[PDB]
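Heads up: the structure comes next, in structure tokens.
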Amino acid sequence: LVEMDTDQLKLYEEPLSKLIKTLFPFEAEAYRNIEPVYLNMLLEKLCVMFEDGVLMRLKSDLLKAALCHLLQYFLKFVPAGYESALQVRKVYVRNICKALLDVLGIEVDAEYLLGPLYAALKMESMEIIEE
Amino acid sequence: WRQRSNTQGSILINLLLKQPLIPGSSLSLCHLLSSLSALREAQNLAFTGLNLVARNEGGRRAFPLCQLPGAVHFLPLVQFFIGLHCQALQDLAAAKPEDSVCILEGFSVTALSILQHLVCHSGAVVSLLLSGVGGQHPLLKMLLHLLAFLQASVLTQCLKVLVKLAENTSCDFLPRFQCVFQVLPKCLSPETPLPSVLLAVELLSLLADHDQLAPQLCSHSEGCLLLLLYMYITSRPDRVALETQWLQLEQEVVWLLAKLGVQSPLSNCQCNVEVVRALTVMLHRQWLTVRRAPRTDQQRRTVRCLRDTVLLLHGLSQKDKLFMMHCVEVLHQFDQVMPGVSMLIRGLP
């Protein structure tokens with residue numbers, strides 16, 4: 001929808017997307033916020049968006065930032081779960097990291113990406129804690 | 001492609017779901033599907049991958065093949081299951097109960113064969129095999145060692161999987177795959193089953209496309225791998241093969257010969273000596289057809305095979321200036337073959 005909405009997505013703005021982000025899986029996270037049935041697939045639609053990493057495509061940077069914040073929230077929401085794969089998450093994270101590098105190449109502020117970078121530090125810190 | 005490709009991926013998942021799609025197994029996946037905990041996690045990932053495969057879909061591509069990341073993920077999980085089957089083969093390699101472990105490995109191999117059918121169904125699973133350890137997949141290389149080591153049927157399934165992989169594989173990738181067969185040809189035996197040998201012949205046709213196997217030649221006789229395989233084909237004991245199935249193995253050899261004939265590149269060669277013996281074996285089959293003198297579909301297939309055999313015999317006469325020297329070894333057969341050729345001309349309509 002966000003690519004399709006275009007100027008209408010700009011008319012919807014970051015807030016209609018933010019309201020959806022607030023509505024689902026926001027802050028509380030846990031098993032209840034994310035459907036067991038959605039499982040990887042709810043993450044996978046986000047992962048496909050992460051794979052596109054289209055911050056530039058979105059008409060509004062703030063809407064893109066809200067989507068990036070939602071992705072950062074999704075990473076905070078993400079906890080290892082049945083039907084969720086850390087390697088799949090790492091591949092999504094790698095797609096997110098490439099998107100983050102593109103945002104880094106042209107970002108006025110780290111903004112949501114700095115929150116994503118903190119999420120990037122998380123798990124990588126766990127890998128440092130182990131490996 | 002698109003949703004229809006995803007449905008084809010789902011159909012491959014449905015075949016894995018079906019108990020068992022593989023022959024000789026009561027159940028496929030599920031209890032048969034299931035560190036051991038890591039393998040269980042991989043099996044859950046494979047189920048997620050199967051759900052992902054349902055959700056999402058030149059010459060090496062061949063017919064366009066749907067590619068699913070989940071199918072590739074399932075293939076990695078399948079590789080872990082294959083690794084458990086490989087570990088039983090590795091334990092057998094270490095050895096100088098275990099059969100039950102081999103039976104569990106065989107069920108895993110049957111699952112791997114179902115996975116290989118799924119790999120034929122899904123490009124991404126094939127692509128992961130194509131990338132390999134760095135080439136041959138590390139699990140696949142272990143499987144190739146296992147194939148060298150029921151078990152013969154699993155090896156035949158692996159050879160069939162290799163032939164499917166070879167069609168998926170780029171000819172340069174197939175050449176890197178090629179020469180695995182030369183070790184396999186040494187593994188292949190008259191004692192080893194003819195149906196397995198027919199799968200090897202299908203693998204040999206895939207090998208003929210591969211450049212390294214194409215570099216391997218009938219010339220150099222017994223030392224040449226192709227000639228030695230032809231010599232086994234020339235014996236044609238076919239003890240495992242029965243009736244049409246024995247004819248089908250001969251027909252597969254004829255198709256492989258036709259592929260060699262199509263190729264521009266294709267005694268001194270055991271295979272050339274074998275080809276006169278093979279022509280005599282074809283003549284014996286032709287004599288049976290002459291004795292039959294095509295209402296049965298198998299009989300109709302045999303008549304087409306006899307027409308193919310006659311074309312191969314015509315090609316063999318074109319191939320050798322000394323057609324007569326080859327003929328003199330097969331001359332008692334050749335007089336029968338000439339009667340058979342007249343019967344074949346009568347058969348042609």
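Naming scheme: A, B, ... for chains in displayed order of the structure tokens; residues 1 onward per chain; ligands 1 onward as shown.
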
> For chain B against chain A, which residues fall within 10 Å using only C-alpha atoms, given as JSON, numbers by chain?
Replying inline: {"B": [41, 42, 44, 45, 46, 47, 48, 49, 51, 52, 55, 69, 70, 73]}

Show which residues sit within 9 Å of residue 287 in chain B, as a CSV table (one decimal) with N, CA and C atoms, in the first residue's frame. Count only C-alpha atoms, and ignore same-chain residues fewer than 5 positions away.
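Below you can see selection34.csv, which holds the result:
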chain,number,residue,atom,x,y,z
B,282,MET,N,20.6,-55.5,-29.4
B,282,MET,CA,19.4,-54.8,-30.0
B,282,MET,C,18.8,-55.8,-31.1
B,292,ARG,N,7.7,-61.5,-32.6
B,292,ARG,CA,6.3,-60.9,-32.2
B,292,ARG,C,5.6,-60.7,-33.5
B,333,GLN,N,24.3,-62.7,-35.7
B,333,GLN,CA,23.2,-61.7,-35.3
B,333,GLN,C,22.9,-60.9,-36.6
B,336,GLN,N,20.4,-62.3,-38.8
B,336,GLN,CA,19.1,-62.2,-38.1
B,336,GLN,C,18.7,-60.7,-38.2
B,337,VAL,N,19.7,-59.8,-38.0
B,337,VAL,CA,19.4,-58.3,-37.9
B,337,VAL,C,18.8,-57.9,-39.3
B,339,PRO,N,17.2,-59.8,-41.4
B,339,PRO,CA,15.8,-60.3,-41.4
B,339,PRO,C,15.0,-59.4,-40.5
B,340,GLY,N,15.5,-59.0,-39.4
B,340,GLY,CA,14.8,-58.0,-38.5
B,340,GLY,C,14.6,-56.7,-39.2

> Could you pull the residues within 7 Å of residue 95 in chain A, counting only C-alpha atoms, minus those fewer than 3 positions along the same chain, as a VMD selection string?
Replying inline: chain A and resid 50 to 51 91 to 92 98 to 99

Can you write just those residues out, N, CA and C atoms, as a CSV table (one decimal), in the first residue's frame?
chain,number,residue,atom,x,y,z
A,50,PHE,N,11.7,-4.3,4.1
A,50,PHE,CA,13.1,-4.1,4.5
A,50,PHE,C,14.0,-4.4,3.3
A,51,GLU,N,13.7,-5.5,2.6
A,51,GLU,CA,14.5,-5.9,1.5
A,51,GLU,C,14.4,-4.8,0.4
A,91,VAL,N,18.9,-12.4,7.9
A,91,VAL,CA,18.8,-12.0,6.4
A,91,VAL,C,18.0,-10.7,6.3
A,92,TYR,N,16.9,-10.6,7.1
A,92,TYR,CA,16.0,-9.4,7.1
A,92,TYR,C,16.9,-8.3,7.6
A,98,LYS,N,21.6,-3.0,4.8
A,98,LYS,CA,21.9,-2.4,3.5
A,98,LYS,C,21.0,-1.1,3.3
A,99,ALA,N,19.7,-1.2,3.8
A,99,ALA,CA,18.8,0.0,3.7
A,99,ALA,C,19.4,1.0,4.7

> So how far away is CA of residue 320 in chain B from CA of residue 203 in chain B, in Å?
Replying inline: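 Between these atoms lies a distance of 26.6 Å.
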
Write out as a PDB file with N, CA and C atoms, in the first residue's frame which residues come within 10 Å of residue 121 in chain B when counting only C-alpha atoms, dropping same-chain ones fewer than 4 positions away.
ATOM      1  N   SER B   5       3.121 -20.364  -9.865  1.00  0.00           N
ATOM      2  CA  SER B   5       4.445 -20.897  -9.450  1.00  0.00           C
ATOM      3  C   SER B   5       4.408 -21.216  -7.951  1.00  0.00           C
ATOM      4  N   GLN B   8       2.673 -24.365  -7.519  1.00  0.00           N
ATOM      5  CA  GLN B   8       3.580 -25.489  -7.864  1.00  0.00           C
ATOM      6  C   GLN B   8       4.509 -25.755  -6.673  1.00  0.00           C
ATOM      7  N   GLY B   9       5.011 -24.695  -6.034  1.00  0.00           N
ATOM      8  CA  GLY B   9       5.834 -24.883  -4.824  1.00  0.00           C
ATOM      9  C   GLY B   9       4.995 -25.524  -3.741  1.00  0.00           C
ATOM     10  N   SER B  10       3.740 -25.086  -3.616  1.00  0.00           N
ATOM     11  CA  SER B  10       2.816 -25.684  -2.621  1.00  0.00           C
ATOM     12  C   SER B  10       2.594 -27.158  -2.973  1.00  0.00           C
ATOM     13  N   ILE B  11       2.464 -27.464  -4.266  1.00  0.00           N
ATOM     14  CA  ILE B  11       2.233 -28.871  -4.703  1.00  0.00           C
ATOM     15  C   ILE B  11       3.452 -29.716  -4.300  1.00  0.00           C
ATOM     16  N   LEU B  12       4.662 -29.177  -4.466  1.00  0.00           N
ATOM     17  CA  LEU B  12       5.867 -29.919  -4.015  1.00  0.00           C
ATOM     18  C   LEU B  12       5.789 -30.091  -2.493  1.00  0.00           C
ATOM     19  N   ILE B  13       5.367 -29.040  -1.785  1.00  0.00           N
ATOM     20  CA  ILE B  13       5.194 -29.136  -0.306  1.00  0.00           C
ATOM     21  C   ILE B  13       4.099 -30.175  -0.032  1.00  0.00           C
ATOM     22  N   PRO B  64      10.961 -22.736 -16.923  1.00  0.00           N
ATOM     23  CA  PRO B  64      11.166 -21.814 -15.819  1.00  0.00           C
ATOM     24  C   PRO B  64      10.788 -22.565 -14.562  1.00  0.00           C
ATOM     25  N   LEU B  65      11.595 -22.407 -13.512  1.00  0.00           N
ATOM     26  CA  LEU B  65      11.336 -23.134 -12.244  1.00  0.00           C
ATOM     27  C   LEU B  65      11.073 -22.099 -11.143  1.00  0.00           C
ATOM     28  N   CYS B  66       9.985 -22.278 -10.391  1.00  0.00           N
ATOM     29  CA  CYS B  66       9.652 -21.313  -9.318  1.00  0.00           C
ATOM     30  C   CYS B  66      10.783 -21.364  -8.287  1.00  0.00           C
ATOM     31  N   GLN B  67      11.191 -20.216  -7.752  1.00  0.00           N
ATOM     32  CA  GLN B  67      12.240 -20.222  -6.705  1.00  0.00           C
ATOM     33  C   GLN B  67      11.627 -19.712  -5.398  1.00  0.00           C
ATOM     34  N   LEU B  68      11.785 -20.473  -4.313  1.00  0.00           N
ATOM     35  CA  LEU B  68      11.279 -20.006  -2.997  1.00  0.00           C
ATOM     36  C   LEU B  68      12.444 -19.918  -2.002  1.00  0.00           C
ATOM     37  N   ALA B  71      11.782 -22.539   0.308  1.00  0.00           N
ATOM     38  CA  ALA B  71      12.193 -23.855  -0.235  1.00  0.00           C
ATOM     39  C   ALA B  71      13.706 -24.019  -0.086  1.00  0.00           C
ATOM     40  N   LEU B 115      12.862 -34.285  -1.410  1.00  0.00           N
ATOM     41  CA  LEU B 115      13.426 -32.913  -1.418  1.00  0.00           C
ATOM     42  C   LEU B 115      14.033 -32.659  -2.802  1.00  0.00           C
ATOM     43  N   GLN B 116      14.693 -33.667  -3.374  1.00  0.00           N
ATOM     44  CA  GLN B 116      15.278 -33.522  -4.729  1.00  0.00           C
ATOM     45  C   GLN B 116      14.150 -33.277  -5.739  1.00  0.00           C
ATOM     46  N   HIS B 117      13.028 -33.987  -5.598  1.00  0.00           N
ATOM     47  CA  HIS B 117      11.871 -33.718  -6.490  1.00  0.00           C
ATOM     48  C   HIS B 117      11.406 -32.286  -6.227  1.00  0.00           C
ATOM     49  N   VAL B 125      15.870 -23.892  -4.248  1.00  0.00           N
ATOM     50  CA  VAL B 125      16.477 -25.076  -3.575  1.00  0.00           C
ATOM     51  C   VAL B 125      17.586 -25.614  -4.489  1.00  0.00           C
ATOM     52  N   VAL B 126      17.322 -25.659  -5.798  1.00  0.00           N
ATOM     53  CA  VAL B 126      18.355 -26.115  -6.777  1.00  0.00           C
ATOM     54  C   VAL B 126      19.534 -25.131  -6.740  1.00  0.00           C
ATOM     55  N   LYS B 164      18.483 -34.599 -12.369  1.00  0.00           N
ATOM     56  CA  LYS B 164      17.573 -33.430 -12.286  1.00  0.00           C
ATOM     57  C   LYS B 164      18.411 -32.188 -11.972  1.00  0.00           C
TER      58      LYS B 164
END

> Please, which residues of chain A, numbered as in this document, come out helix (DSSP H, G or I) from DSSP, as a PyMOL selection string?
Replying inline: chain A and resi 2-5+7-23+30-33+39-52+61-77+86-105+111-129

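Considering the residues A:24, A:31, A:112, A:74 and counting only C-alpha atoms, residue 93 in chain A has its shortest atom-to-atom contact with A:74.
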
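Candidate residues A:126, A:2, A:20, A:56 were compared for distance to residue 103 in chain A, and the nearest is A:56, using only C-alpha atoms.
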
>> Show me, as an NGL selection string, the residues that have an atom within 12 Å of range 316-318 of chain B when counting only C-alpha atoms, minus same-chain residues fewer than 3 positions from it.
In response: :B and (254 or 257-258 or 260-261 or 266 or 271-280 or 309-313 or 321-327 or 334)

Just to be explicit: take each residue in the selection above, keep C-alpha atoms, and write the result as a compact mmCIF listing (two decimals), in the first residue's frame.
# COMPACT_ATOMS: atom_id res chain seq x y z
CA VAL B 254 19.48 -45.73 -27.07
CA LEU B 257 23.38 -42.91 -27.80
CA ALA B 258 21.06 -40.58 -29.76
CA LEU B 260 25.86 -38.64 -28.35
CA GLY B 261 24.92 -38.87 -32.06
CA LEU B 266 30.32 -37.69 -30.87
CA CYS B 271 32.41 -48.84 -26.37
CA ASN B 272 32.87 -49.19 -30.16
CA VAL B 273 33.43 -52.96 -29.59
CA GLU B 274 30.54 -52.77 -27.07
CA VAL B 275 28.34 -50.99 -29.67
CA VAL B 276 28.64 -53.99 -32.05
CA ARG B 277 27.73 -56.23 -29.06
CA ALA B 278 24.98 -53.72 -28.12
CA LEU B 279 23.71 -53.80 -31.73
CA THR B 280 23.64 -57.63 -31.43
CA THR B 309 17.71 -49.06 -32.67
CA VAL B 310 17.73 -49.40 -36.48
CA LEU B 311 18.66 -45.69 -36.79
CA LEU B 312 21.45 -46.26 -34.21
CA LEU B 313 22.61 -49.32 -36.22
CA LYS B 321 34.34 -47.52 -42.01
CA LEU B 322 34.90 -51.17 -41.02
CA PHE B 323 31.15 -51.77 -40.48
CA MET B 324 31.95 -55.30 -41.66
CA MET B 325 34.65 -55.84 -39.00
CA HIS B 326 32.05 -54.94 -36.31
CA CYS B 327 29.55 -56.98 -38.36
CA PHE B 334 23.63 -59.52 -38.48

>> List the spatial neighbours of residue 288 in chain B as a list in words - criterion: any atom at most 12 Å away, only C-alpha atoms, same-chain residues fewer than 3 positions off excluded.
In response: residues 243, 247, 281, 282, 283, 284, 285, 291, 292, 293, 299, 302, 303, 306, 336, 337, 339, 340, 343 and 344 of chain B

>> Please compute the CA of residue 171 in chain B-CA of residue 233 in chain B distance, one decimal, in Å.
In response: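 One can read the CA of residue 171 in chain B to CA of residue 233 in chain B distance as 25.6 Å.
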
> Taking only C-alpha atoms into account, which of A:100, A:11, A:75, A:128 comes nearest residue 27 in chain A?
Replying inline: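 Closest candidate: A:75.
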
> How far is it from CA of residue 120 in chain B to CA of residue 75 in chain B, in Å with one decimal?
Replying inline: 11.6 Å
